[PDB]
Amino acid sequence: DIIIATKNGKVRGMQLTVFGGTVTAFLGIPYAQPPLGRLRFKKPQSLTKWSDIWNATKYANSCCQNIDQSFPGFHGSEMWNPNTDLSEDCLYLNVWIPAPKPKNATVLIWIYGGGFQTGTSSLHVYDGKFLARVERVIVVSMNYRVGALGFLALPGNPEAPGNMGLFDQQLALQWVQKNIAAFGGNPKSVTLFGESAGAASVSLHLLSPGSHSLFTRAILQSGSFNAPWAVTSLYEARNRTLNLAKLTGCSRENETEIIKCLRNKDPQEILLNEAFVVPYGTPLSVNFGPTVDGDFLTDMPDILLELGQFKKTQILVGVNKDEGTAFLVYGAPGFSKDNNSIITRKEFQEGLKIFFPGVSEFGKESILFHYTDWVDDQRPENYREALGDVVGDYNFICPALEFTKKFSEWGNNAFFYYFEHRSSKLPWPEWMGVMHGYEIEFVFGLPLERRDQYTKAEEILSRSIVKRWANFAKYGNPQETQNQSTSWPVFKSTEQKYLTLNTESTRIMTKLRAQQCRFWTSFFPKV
């Protein structure tokens, strides 16, 4: 039996048999007052001490959220749906500590993505037992509130100040600071890592002064705050807060009387109306996301980044080869996971209207023009691949490259990767390629389990990625120093060197998607 005394009381874990060893898992430790009742929409409140032994032996409730419903019974979509009951009582975290209990272990804190509307730490691909077993790090992940319940914004109003889900994360990082030494972990050596909105959350913790002393280093997988979906304007946030209020009959003049009204609505009512607070949505709609609240985020983050206002430390950033393809079957015409999705010029143009709804005819033409200079006009995948690249380059790749360029210009080591391996078990079809979110299982070492239908080649890539991630967390340097590996050069804004991750040859290349990103990062913001 392993009992750990934390600052709020004792917690009991379990023993896990991993790779002929043992990992101690503490699943579902609370880290805040359940944000229920008058606490809904408010910042997370301090948890009151308990005197019992808190049994932390199962994942806790996931936070209320809308479920991906487009492919019932399809593991490709349903692996991302919550695998514990939804509840507003969901401010819990998990700890995986090596066995034997470490002395001063570097800590890895995972922050899941999910477009700031969905996600949960209990997902199978976020299982930290492998990292704990194989690299003797401690892995922490936390649930944080999502959708309006986590990011409804009434700027200045403590009743709905905005960024609650980010403050959830922050309280969790605080919990690691105050308590992770008791589990054998080193609070002076904490690496946040996160994917998609998780990565955008990580990048915002780099900007938020209240976070600067709660972690050491940062890893950003397929996401950053400067991505177009990542920050809700203080303008849009009001229109959306109001539209939600109208949709639920909660419109008041006294803005607080609106919040108190929205507090008597049942979670399902708020979830049903979240989709309609925007008039024109897209598969990447983040209806309720981070805002410039003046608290967690003191100014608009493009300005903070541009003017060097962030935690000076090492960052590891990267993206996948086909980030965009996943979103094409959530709305784009002529697309389907169940055929090869050969689309016409006309289907591609209509696809731009789906993904850039409030964008001028000229802007849509400008996207078409830049992405339809075919190396072969008679290639029938041209338009299908072009739309995938359009969504991936605008929504993930080019913002992440720009974030890395800007961050590195203040003299910190940056490392950029380009993950181009299609999981051999990937349930989506091949035309979808190296999809958004499918590096995560390699980062977490799932292919290390040989009974899991991965190739030996995939086991080797995971083992190397895991080492590279762990050396980054422990030492700020994402090298594999023993098995004659390709050295991962720092990302400088001049040469812009990045490392390709794949089962074949790991190579050093320069200036990812250069032509494409100039369009998105310089031209397109003007339209």
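For every residue, the number given is its place in the sequence shown, counted from 1.
Compared with the other entries of this protein, residue 376 is frequently left unbuilt, missing from a third or more of those that build its neighbours. Here 469-477 and 45-53 are compared by their mean Cα B-factor, and 45-53 comes out higher.
For the pair 272-280 and 427-435, the record assigns the higher mean C-alpha temperature factor to 272-280.
For the set 261, 398, 142, 207, the PDB entry assigns the largest Cα B-factor to 261. By the numbers in the PDB entry, the CA B factor is greatest at 349 among 349, 169, 191, 117.
When all modelled residues of the chain are sorted by CA temperature factor, residue 383 is found within the highest third. For residue 497, the recorded CA B-factor ranks within the lowest third of the chain. Only modelled residues enter the ranking. Annotation for residue 312: CA B-factor lies in the lowest third of the chain's modelled residues. Residue 187 sits in the middle third of its chain by CA B factor, as recorded in the PDB entry. In the PDB entry, residue 245 places in the highest third of its chain by CA B-factor.
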